[PDB]
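Please read the structure below before turning to the comments.
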Amino acid sequence: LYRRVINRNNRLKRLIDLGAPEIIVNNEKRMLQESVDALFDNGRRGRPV
Amino acid sequence: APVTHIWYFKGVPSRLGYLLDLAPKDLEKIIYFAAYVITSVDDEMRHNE
Amino acid sequence: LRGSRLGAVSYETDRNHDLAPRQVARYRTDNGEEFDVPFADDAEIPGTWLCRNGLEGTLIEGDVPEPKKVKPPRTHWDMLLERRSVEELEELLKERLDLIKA
Amino acid sequence: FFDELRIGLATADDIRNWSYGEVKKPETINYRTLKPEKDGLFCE
Amino acid sequence: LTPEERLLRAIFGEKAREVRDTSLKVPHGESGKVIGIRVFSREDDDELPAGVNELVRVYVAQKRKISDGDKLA
Amino acid sequence: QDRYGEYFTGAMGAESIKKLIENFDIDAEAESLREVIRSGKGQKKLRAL
Amino acid sequence: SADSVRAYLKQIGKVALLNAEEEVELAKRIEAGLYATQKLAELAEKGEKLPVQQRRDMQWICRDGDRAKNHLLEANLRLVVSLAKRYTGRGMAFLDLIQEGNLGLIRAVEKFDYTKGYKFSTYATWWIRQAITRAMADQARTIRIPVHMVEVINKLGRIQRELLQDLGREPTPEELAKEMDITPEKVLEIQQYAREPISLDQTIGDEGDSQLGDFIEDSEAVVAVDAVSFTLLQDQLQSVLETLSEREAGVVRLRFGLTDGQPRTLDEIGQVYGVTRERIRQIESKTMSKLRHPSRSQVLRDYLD
DNA sequence: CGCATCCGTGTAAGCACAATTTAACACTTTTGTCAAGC
DNA sequence: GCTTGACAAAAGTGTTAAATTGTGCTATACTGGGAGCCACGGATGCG
């Protein structure tokens with residue numbers, strides 16, 4: 001659950017660096033939110049990892 | 001990117017929803033990048049033009 | 001079942017009345033925060049150190065700056081130049097400029 | 001001496017104060033030497 | 001080795017071997033006479049598990065008499 | 001955004017919520033809630049409380 | 001539904017997939033804008049100036065190239081999903097695979113060549129597959145294995161599957177060594193490196209209450225009887241035998257570092273005083289002979305296993 | 001203003017090249033050792 | 001009791017080869033997942 005948070009947090013930093021269009025950046029931010037939510041309370045929103 | 005703590009997002013009831021006067025299923029959409037939201041509106045500009 | 005912590009544990013008596021001399025060095029980070037690190041009297045103090053805030057800081061004394069010899073990273077311009085030459089793209093730019101005027 | 005226990009709300013500054021160093025990589029341990037990898041999880 | 005252990009080794013005529021002792025021993029409270037032993041060896045084409053070079057099984061037989069605390073019914 | 005961008009500021013995701021909290025003030029909500037509680041003839045009394 | 005996969009699938013359709021005669025202008029504008037930026041950089045470096053019309057045109061084409069790159073990326077986002085959907089079940093999240101394929105797509109757009117006449121769909125597939133494979137190799141295991149070792153493991157697995165299918169029965173380490181031109185011990189090493197860990201959180205004991213980590217001994221625990229006895233050594237071996245020998249043991253304190261912690265060579269303990277190397281060499285043997293005496297030797301027998 | 005019903009919730013790389021780390025070899029300095037004598 | 005000098009073995013410096021790890025490239029066309037074998041309390045519209 002911790003690695004999930006790190007990996008995505010790194011990938012976002014690349015996507016912002018490469019200046020990708022807002023669709024991919026928004027998707028990355030949403031996955032980061034979901035990963036943090038799963039880290040704290042897995043299964044409180046959506047299906048559990 | 002900032003991330004919200006899940007406990008306060010949907011704390012049954014949503015503590016953040018009550019604090020920010022955002023109803024359930026509307027604050028949820030904003031968090032998960034499902035809709036836009038206005039953070040501030042400049043009333044000074046519209047008076048001039 | 002039994003296992004290991006990928007380490008070792010000993011029982012040597014801990015003491016504090018006889019300790020090595022420490023020459024603390026303070027490093028300042030770009031964000032403005034400062035962190036102190038105790039180093040032994042052997043010196044050999046590095047010019048830059050990775051602080052607790054996750055980013056590298058420089059020694060406050062103001063010495064040993066880097067020359068920035070690191071090789072610049074590749075970019076889109078480099079990937080673009082290899083497949084096509086200068087003249088072919090000067091022609092392209094002229095063509096694009098012509099259309100705008102038209 | 002213990003007198004009372006308080007449970008406040010943690011902000012970014014509190015987390016950074018507790019932190020001893022930022023985790024930059026998902027590394028846990030070396031696959032061959034089994035030593036913890038630096039700048040990652042389990043970092044010594 | 002800690003310096004005291006090295007000094008003690010120097011006092012006597014022993015040196016630290018590179019091996020730990022992990023021999024099998026009778027569990028606490030168990031005793032009796034060894035009545036049988038069976039050995040399987042990877043060197044003898046035995047169906048040992050992966051990574052296991054040898055397997056030894058020892059049977060200990062003990063004769064228990066009736067004593068205080070035993071349950072009858 | 002492209003017609004009246006300078007008239008307003010919009011965002012989405014946790015960043016918009018963070019901004020709302022920065023520009024939000026707690027006192028006014030408390031005063032309004034107290035006023036509604038002391039004047040809540042209808043159902044709004046329970047929600048305000 | 002709260003599924004984030006569905007939200008992405010129903011979002012990438014906002015842009016229609018392009019065709020051969022519609023995408024060429026995109027790369028054309030991208031290159032034109034990039035070289036407009038290069039000409040502006042040269043202008044800044046050489047201190048040149050251009051008519052306001054030319055400057056505005058150059059900036060507008062730079063913006064147009066940026067917009068064309070964004071539009072091409074958005075249009076080809078669908079190919080990324082269509083390619084990454086295949087790698088499900090390996091052990092990596094679907095959306096992370098999609099995003100790594102998006103990185104590969106960005107690289108392909110950066111390295112596309114319309115002049116060769118080929119289609120973008122053919123060229124970008126290789127980059128997307130490479131990005132997905134790199135992502136899987138780098139960050140699909142709790143204990144990261146380098147890329148080359150991951151490739152070796154994949155090759156060994158494929159050969160093992162082929163041999164098992166051909167012969168039906170399970171292969172042998174000798175067979176794998178013969179096929180892969182490596183030693184059987186190397187095959188075992190690769191198998192161990194490919195071994196994945198388990199989680200302590202798994203239930204144990206045929207009941208759902210207990211957990212696997214409940215029954216793991218702490219091999220590094222400080223056994224009390226030893227921990228106390230070692231300190232008693234600091235009372236006996238470290239102290240009393242020294243009181244009855246004066247400097248014959250005082251030098252030994254420096255020899256093994258009982259004070260200040262440093263064991264020291266003969267010169268280091270000798271050079272600071274008026275005693276030579278050979279004399280300390282003799283004194284060490286004399287002390288060893290003295291302490292071998294039964295009266296002193298018998299006391300310390302119990303502190304050595 | 002109370003009740004019926006709706007909702008939230010606890011199946012598919014491999015190669016090439018560059019860069020870093022680790023070992024093997026060679027020589028040199030240092031350490032411990034021995035005899036003998038001052 | 002202590003010192004001097006030759007000698008053998010162990011511990012450093014440095015060069016080199018090798019193993020080990022990280023990054024980039026491959027152009028028919030291929031473009032929107034697939035899994036899947038409940039009861040209780042709090043709230044809102046209706047009478």
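Every chain in the structure tokens takes a letter, A first, then B, and so on in the order presented; its residues are numbered from 1, and the ligands are numbered from 1 following the presented order.
Those residues that approach region 6-22 of chain A to within 8 Å, counting only C-alpha atoms (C1' of nucleotides), are residues 2, 26, 28, 29, 31 and 32 of chain A; 24, 25 and 26 of chain D; 70, 73, 74, 96 and 139 of chain G; same-chain residues fewer than 4 positions away are not listed.
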Counting only C-alpha atoms, which residues of chain B come no farther than 6 Å from chain F, as a short mmCIF file (atom, residue, chain, number, x, y, z; two decimals) with N, CA, C and O atoms, in the first residue's frame?
data_model
loop_
_atom_site.label_atom_id
_atom_site.label_comp_id
_atom_site.auth_asym_id
_atom_site.auth_seq_id
_atom_site.Cartn_x
_atom_site.Cartn_y
_atom_site.Cartn_z
N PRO B 2 -2.11 18.00 -3.79
CA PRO B 2 -2.82 17.83 -2.52
C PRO B 2 -3.82 16.68 -2.58
O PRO B 2 -4.40 16.38 -3.63
N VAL B 3 -4.00 16.03 -1.44
CA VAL B 3 -4.93 14.91 -1.30
C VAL B 3 -5.70 15.07 0.00
O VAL B 3 -5.13 15.48 1.02
N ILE B 30 -16.13 16.55 -7.00
CA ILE B 30 -15.01 17.47 -7.08
C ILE B 30 -13.71 16.76 -6.71
O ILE B 30 -12.68 16.93 -7.37
N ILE B 31 -13.74 15.96 -5.65
CA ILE B 31 -12.53 15.28 -5.18
C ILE B 31 -11.98 14.36 -6.27
O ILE B 31 -10.78 14.35 -6.55
N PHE B 33 -12.29 14.44 -9.45
CA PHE B 33 -12.07 15.06 -10.76
C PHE B 33 -13.23 14.77 -11.71
O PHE B 33 -13.05 14.68 -12.93
N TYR B 36 -16.10 20.38 -12.21
CA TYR B 36 -15.38 21.60 -11.87
C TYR B 36 -16.06 22.32 -10.71
O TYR B 36 -17.17 21.97 -10.29
N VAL B 37 -15.38 23.33 -10.18
CA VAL B 37 -15.91 24.13 -9.08
C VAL B 37 -15.22 25.49 -9.08
O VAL B 37 -14.02 25.60 -9.35
N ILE B 38 -16.00 26.52 -8.77
CA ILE B 38 -15.48 27.88 -8.74
C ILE B 38 -14.89 28.15 -7.36
O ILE B 38 -15.58 28.01 -6.34
N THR B 39 -13.62 28.55 -7.33
CA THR B 39 -12.97 28.86 -6.06
C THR B 39 -13.16 30.31 -5.65
O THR B 39 -13.26 30.60 -4.45
N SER B 40 -13.20 31.23 -6.61
CA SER B 40 -13.39 32.64 -6.31
C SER B 40 -13.91 33.34 -7.56
O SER B 40 -13.60 32.94 -8.68
N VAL B 41 -14.71 34.38 -7.34
CA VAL B 41 -15.24 35.21 -8.42
C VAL B 41 -14.96 36.67 -8.08
O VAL B 41 -15.19 37.10 -6.94
N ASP B 42 -14.46 37.42 -9.06
CA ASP B 42 -14.07 38.81 -8.86
C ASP B 42 -15.26 39.70 -9.21
O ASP B 42 -15.57 39.91 -10.39
#
Legend entry - Test item: chain C residues at most 8 Å from chain G, counting only C-alpha atoms, as a ChimeraX atom specification: /C:1-5,8-11,13,18,76-77,79-80,83,89-90,92-93,96-97,100
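Omitting residue 7 (chain H) and its sequence neighbours fewer than 2 positions away, and counting only C-alpha atoms (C1' of nucleotides), the residues within 12 Å are residues 5 and 9 of chain H; 41, 42, 43 and 44 of chain I.
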Store the residues of this selection in a file with C-alpha atoms (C1' of nucleotides), as a JSON list (two decimals), in the first residue's frame.
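Final output, out-v4.json:
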[["chain", "number", "residue", "atom", "x", "y", "z"],
["H", 5, "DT", "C1'", -40.26, 3.71, 1.45],
["H", 9, "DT", "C1'", -23.28, 1.86, 5.43],
["I", 41, "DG", "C1'", -30.66, 2.68, 10.96],
["I", 42, "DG", "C1'", -31.35, 7.63, 9.26],
["I", 43, "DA", "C1'", -33.67, 10.57, 6.04],
["I", 44, "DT", "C1'", -37.52, 12.60, 2.59]]
Inset, instruction - Please provide as a ChimeraX atom specification all residues within 6 Å of region 17-34 of chain I, with the sequence filter that same-chain residues fewer than 2 positions apart are discarded (counting only C-alpha atoms (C1' of nucleotides)). - result: /G:9,78-79,123
Inset, instruction - Pick out the residues sitting within 10 Å of residue 34 (chain D), and hand them over as a PyMOL selection string; count only C-alpha atoms (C1' of nucleotides), and ignore anything fewer than 5 positions along from it in its own chain. - result: (chain C and resi 6) or (chain D and resi 28-29) or (chain G and resi 143)
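Reported to one decimal place, the separation of CA of residue 58 (chain E) from CA of residue 39 (chain E) is 8.9 Å.
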Legend entry - Selection near residue 37 (chain F), 9 Å with only C-alpha atoms (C1' of nucleotides), sequence-local residues under 4 positions removed, as a PyMOL selection string: chain F and resi 32-33+41+44-49
For the residues selected in the previous step, produce a file with C-alpha atoms as a CSV table (one decimal), in the first residue's frame.
chain,number,residue,atom,x,y,z
F,32,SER,CA,-25.4,32.4,10.2
F,33,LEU,CA,-26.0,29.0,11.8
F,41,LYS,CA,-39.3,27.6,12.2
F,44,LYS,CA,-33.7,24.1,8.4
F,45,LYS,CA,-33.3,24.2,12.2
F,46,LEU,CA,-32.0,20.7,12.5
F,47,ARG,CA,-29.7,21.0,9.5
F,48,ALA,CA,-28.3,24.3,10.9
F,49,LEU,CA,-27.8,22.8,14.4
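DSSP on the backbone gives strand (DSSP E or B) for these parts of chain E: residues 33, 34, 35, 36, 37, 38, 39, 40, 41, 54, 55, 56, 57, 58, 59, 60 and 61 of chain E.
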Inset, instruction - Pull the helix (DSSP H, G or I) assignments for chain F out of DSSP run on the backbone, and list those residues as an MDAnalysis selection string. - result: chainID F and resid 5:7 14:23 26:38 44:48
Can you write just those residues out, C-alpha atoms, as a PDB file, in the first residue's frame?
ATOM      1  CA  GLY F   5     -11.494  34.052 -17.608  1.00  0.00           C
ATOM      2  CA  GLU F   6     -10.499  37.128 -15.602  1.00  0.00           C
ATOM      3  CA  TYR F   7     -13.979  37.366 -14.047  1.00  0.00           C
ATOM      4  CA  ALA F  14      -8.400  18.483  -3.932  1.00  0.00           C
ATOM      5  CA  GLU F  15      -6.612  21.681  -5.005  1.00  0.00           C
ATOM      6  CA  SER F  16      -9.933  23.510  -5.371  1.00  0.00           C
ATOM      7  CA  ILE F  17     -11.028  22.305  -1.929  1.00  0.00           C
ATOM      8  CA  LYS F  18      -7.730  23.434  -0.425  1.00  0.00           C
ATOM      9  CA  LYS F  19      -8.194  26.876  -1.992  1.00  0.00           C
ATOM     10  CA  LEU F  20     -11.776  27.059  -0.706  1.00  0.00           C
ATOM     11  CA  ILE F  21     -10.496  26.339   2.798  1.00  0.00           C
ATOM     12  CA  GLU F  22      -7.782  29.001   2.510  1.00  0.00           C
ATOM     13  CA  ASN F  23     -10.255  31.676   1.393  1.00  0.00           C
ATOM     14  CA  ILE F  26     -15.293  30.177   9.965  1.00  0.00           C
ATOM     15  CA  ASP F  27     -16.917  33.023  11.915  1.00  0.00           C
ATOM     16  CA  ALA F  28     -19.584  33.955   9.364  1.00  0.00           C
ATOM     17  CA  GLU F  29     -20.829  30.372   9.047  1.00  0.00           C
ATOM     18  CA  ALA F  30     -21.145  30.097  12.831  1.00  0.00           C
ATOM     19  CA  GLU F  31     -23.080  33.368  13.082  1.00  0.00           C
ATOM     20  CA  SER F  32     -25.424  32.392  10.244  1.00  0.00           C
ATOM     21  CA  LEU F  33     -25.985  28.954  11.778  1.00  0.00           C
ATOM     22  CA  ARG F  34     -26.827  30.490  15.156  1.00  0.00           C
ATOM     23  CA  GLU F  35     -29.241  32.929  13.510  1.00  0.00           C
ATOM     24  CA  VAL F  36     -30.967  30.110  11.617  1.00  0.00           C
ATOM     25  CA  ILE F  37     -31.138  28.002  14.786  1.00  0.00           C
ATOM     26  CA  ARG F  38     -32.830  30.805  16.721  1.00  0.00           C
ATOM     27  CA  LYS F  44     -33.710  24.100   8.449  1.00  0.00           C
ATOM     28  CA  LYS F  45     -33.350  24.225  12.249  1.00  0.00           C
ATOM     29  CA  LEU F  46     -32.043  20.655  12.503  1.00  0.00           C
ATOM     30  CA  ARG F  47     -29.674  21.045   9.549  1.00  0.00           C
ATOM     31  CA  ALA F  48     -28.328  24.329  10.917  1.00  0.00           C
TER      32      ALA F  48
END
Inset, instruction - Find the spatial neighbours of region 144-154 of chain G, counting only C-alpha atoms (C1' of nucleotides), within a cut-off of 10 Å - ignore same-chain residues fewer than 3 positions away - and output them as a PyMOL selection string. - result: (chain D and resi 26-32) or (chain G and resi 133-134+136-141+157-160+180+187+190-191+193-194) or (chain H and resi 13-14) or (chain I and resi 20-22)
Please save N, CA and C atoms (P, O5', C5', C4', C3', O3' and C1' of nucleotides) of the selected residues as a compact mmCIF listing (two decimals), in the first residue's frame.
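So part_23.txt came out as:
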# COMPACT_ATOMS: atom_id res chain seq x y z
N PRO D 26 10.44 3.26 -4.08
CA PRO D 26 9.73 2.11 -3.50
C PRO D 26 10.63 0.95 -3.10
N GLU D 27 11.94 1.13 -3.12
CA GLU D 27 12.86 0.05 -2.80
C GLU D 27 12.68 -0.40 -1.36
N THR D 28 12.83 -1.71 -1.14
CA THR D 28 12.76 -2.27 0.21
C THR D 28 14.11 -2.84 0.62
N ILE D 29 14.63 -3.80 -0.15
CA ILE D 29 15.91 -4.43 0.12
C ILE D 29 16.50 -4.90 -1.20
N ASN D 30 17.82 -5.08 -1.21
CA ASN D 30 18.49 -5.60 -2.39
C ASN D 30 18.10 -7.06 -2.62
N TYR D 31 17.89 -7.42 -3.89
CA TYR D 31 17.46 -8.77 -4.21
C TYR D 31 18.58 -9.79 -4.03
N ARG D 32 19.84 -9.35 -4.03
CA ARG D 32 20.99 -10.23 -3.96
C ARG D 32 21.69 -10.18 -2.61
N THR G 133 6.40 -2.74 -20.81
CA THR G 133 7.35 -3.75 -20.34
C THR G 133 8.34 -3.16 -19.33
N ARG G 134 8.83 -1.95 -19.59
CA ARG G 134 9.73 -1.30 -18.65
C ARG G 134 9.04 -1.07 -17.31
N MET G 136 6.51 -2.78 -16.06
CA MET G 136 6.34 -4.08 -15.41
C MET G 136 7.64 -4.56 -14.78
N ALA G 137 8.77 -4.39 -15.48
CA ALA G 137 10.04 -4.86 -14.95
C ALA G 137 10.50 -4.04 -13.76
N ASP G 138 10.29 -2.72 -13.80
CA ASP G 138 10.83 -1.85 -12.77
C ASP G 138 10.07 -1.96 -11.45
N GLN G 139 8.73 -2.00 -11.51
CA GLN G 139 7.90 -1.76 -10.34
C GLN G 139 6.72 -2.72 -10.25
N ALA G 140 6.95 -4.01 -10.48
CA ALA G 140 5.92 -5.02 -10.33
C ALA G 140 6.17 -5.97 -9.17
N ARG G 141 7.28 -5.82 -8.45
CA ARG G 141 7.63 -6.70 -7.34
C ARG G 141 8.00 -5.87 -6.12
N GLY G 157 11.40 -18.96 -17.66
CA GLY G 157 10.03 -19.40 -17.53
C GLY G 157 9.44 -19.88 -18.84
N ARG G 158 9.69 -19.13 -19.92
CA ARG G 158 9.16 -19.52 -21.22
C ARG G 158 9.74 -20.86 -21.67
N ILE G 159 11.06 -21.04 -21.49
CA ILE G 159 11.68 -22.31 -21.87
C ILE G 159 11.14 -23.44 -21.02
N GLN G 160 10.92 -23.19 -19.72
CA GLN G 160 10.37 -24.22 -18.85
C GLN G 160 8.97 -24.62 -19.30
N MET G 180 19.41 -23.97 -21.54
CA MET G 180 19.76 -22.57 -21.37
C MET G 180 21.27 -22.32 -21.39
N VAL G 187 20.60 -22.28 -12.47
CA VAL G 187 19.15 -22.42 -12.60
C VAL G 187 18.48 -22.30 -11.24
N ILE G 190 18.49 -18.67 -10.16
CA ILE G 190 17.45 -17.90 -10.84
C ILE G 190 16.09 -18.21 -10.24
N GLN G 191 15.83 -19.48 -9.94
CA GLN G 191 14.56 -19.85 -9.32
C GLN G 191 14.39 -19.15 -7.97
N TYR G 193 15.83 -16.31 -7.04
CA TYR G 193 15.63 -14.89 -7.29
C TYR G 193 14.22 -14.60 -7.76
N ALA G 194 13.58 -15.56 -8.44
CA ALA G 194 12.21 -15.38 -8.90
C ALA G 194 11.18 -15.69 -7.82
P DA H 13 6.93 -10.63 -23.71
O5' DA H 13 8.34 -11.25 -23.32
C5' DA H 13 9.54 -10.58 -23.67
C4' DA H 13 10.23 -11.28 -24.83
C3' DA H 13 11.69 -11.62 -24.59
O3' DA H 13 12.08 -12.78 -25.33
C1' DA H 13 11.53 -9.85 -26.18
P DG H 14 13.47 -13.52 -25.00
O5' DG H 14 14.57 -12.63 -25.74
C5' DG H 14 14.63 -12.61 -27.16
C4' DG H 14 15.46 -11.43 -27.65
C3' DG H 14 16.90 -11.39 -27.14
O3' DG H 14 17.81 -11.76 -28.18
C1' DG H 14 15.84 -9.21 -27.12
P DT I 20 27.76 -11.30 -11.72
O5' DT I 20 27.46 -9.73 -11.85
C5' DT I 20 27.40 -8.92 -10.69
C4' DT I 20 26.70 -7.60 -10.96
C3' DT I 20 25.22 -7.72 -11.37
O3' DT I 20 24.40 -6.99 -10.46
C1' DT I 20 26.39 -6.20 -12.78
P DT I 21 22.83 -6.83 -10.71
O5' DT I 21 22.69 -5.34 -11.29
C5' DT I 21 23.19 -4.24 -10.54
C4' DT I 21 22.92 -2.93 -11.25
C3' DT I 21 21.48 -2.74 -11.75
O3' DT I 21 20.99 -1.46 -11.38
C1' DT I 21 23.00 -2.42 -13.54
P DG I 22 19.48 -1.04 -11.72
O5' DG I 22 19.64 0.08 -12.86
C5' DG I 22 20.41 1.25 -12.60
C4' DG I 22 20.51 2.12 -13.84
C3' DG I 22 19.18 2.40 -14.54
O3' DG I 22 19.08 3.77 -14.91
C1' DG I 22 20.69 1.39 -16.07
Legend entry - Two-atom distance - CA of residue 35 (chain A), CA of residue 1 (chain B) (Å): 12.6 Å
Inset, instruction - Could you please determine the separation between CA of residue 18 (chain G) and CA of residue 68 (chain G) in Å, to one decimal place? - result: 12.1 Å
Provide as a PDB file with N, CA and C atoms, in the first residue's frame the residues of chain G at most 12 Å from chain B, counting only C-alpha atoms.
ATOM      1  N   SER G   1     -21.677   4.414 -10.831  1.00  0.00           N
ATOM      2  CA  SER G   1     -20.573   3.552 -10.427  1.00  0.00           C
ATOM      3  C   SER G   1     -19.338   4.380 -10.085  1.00  0.00           C
ATOM      4  N   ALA G   2     -18.586   3.924  -9.086  1.00  0.00           N
ATOM      5  CA  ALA G   2     -17.394   4.620  -8.621  1.00  0.00           C
ATOM      6  C   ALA G   2     -16.112   4.105  -9.266  1.00  0.00           C
ATOM      7  N   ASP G   3     -16.207   3.165 -10.203  1.00  0.00           N
ATOM      8  CA  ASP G   3     -15.016   2.611 -10.836  1.00  0.00           C
ATOM      9  C   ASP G   3     -14.297   3.696 -11.628  1.00  0.00           C
ATOM     10  N   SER G   4     -13.013   3.898 -11.327  1.00  0.00           N
ATOM     11  CA  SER G   4     -12.225   4.901 -12.032  1.00  0.00           C
ATOM     12  C   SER G   4     -11.811   4.446 -13.425  1.00  0.00           C
ATOM     13  N   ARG G   6     -13.843   2.948 -15.547  1.00  0.00           N
ATOM     14  CA  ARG G   6     -14.963   3.359 -16.387  1.00  0.00           C
ATOM     15  C   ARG G   6     -14.918   4.856 -16.670  1.00  0.00           C
ATOM     16  N   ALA G   7     -14.565   5.658 -15.663  1.00  0.00           N
ATOM     17  CA  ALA G   7     -14.496   7.102 -15.860  1.00  0.00           C
ATOM     18  C   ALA G   7     -13.464   7.475 -16.914  1.00  0.00           C
ATOM     19  N   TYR G   8     -12.355   6.738 -16.985  1.00  0.00           N
ATOM     20  CA  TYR G   8     -11.354   7.003 -18.011  1.00  0.00           C
ATOM     21  C   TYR G   8     -11.825   6.519 -19.377  1.00  0.00           C
ATOM     22  N   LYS G  10     -14.894   6.246 -20.526  1.00  0.00           N
ATOM     23  CA  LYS G  10     -15.927   7.140 -21.035  1.00  0.00           C
ATOM     24  C   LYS G  10     -15.445   8.580 -21.176  1.00  0.00           C
ATOM     25  N   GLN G  11     -14.145   8.826 -21.028  1.00  0.00           N
ATOM     26  CA  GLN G  11     -13.565  10.157 -21.170  1.00  0.00           C
ATOM     27  C   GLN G  11     -12.686  10.298 -22.403  1.00  0.00           C
TER      28      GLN G  11
END
Inset, instruction - Select residues of chain C: the criterion is any atom within 10 Å of an atom of chain D, counting only C-alpha atoms; output as a VMD selection string. - result: chain C and resid 6 to 7 50 to 55
I need the chosen residues saved as a PDB file, in the first residue's frame, with C-alpha atoms.
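So again-v7.pdb came out as:
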ATOM      1  CA  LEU C   6      18.149  -9.059   8.422  1.00  0.00           C
ATOM      2  CA  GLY C   7      20.425  -7.758  11.149  1.00  0.00           C
ATOM      3  CA  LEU C  50      20.824  15.391   2.031  1.00  0.00           C
ATOM      4  CA  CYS C  51      18.747  16.865   4.847  1.00  0.00           C
ATOM      5  CA  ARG C  52      15.610  15.637   6.598  1.00  0.00           C
ATOM      6  CA  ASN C  53      13.328  17.664   4.301  1.00  0.00           C
ATOM      7  CA  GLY C  54      14.150  15.351   1.381  1.00  0.00           C
ATOM      8  CA  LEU C  55      16.250  17.786  -0.679  1.00  0.00           C
TER       9      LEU C  55
END
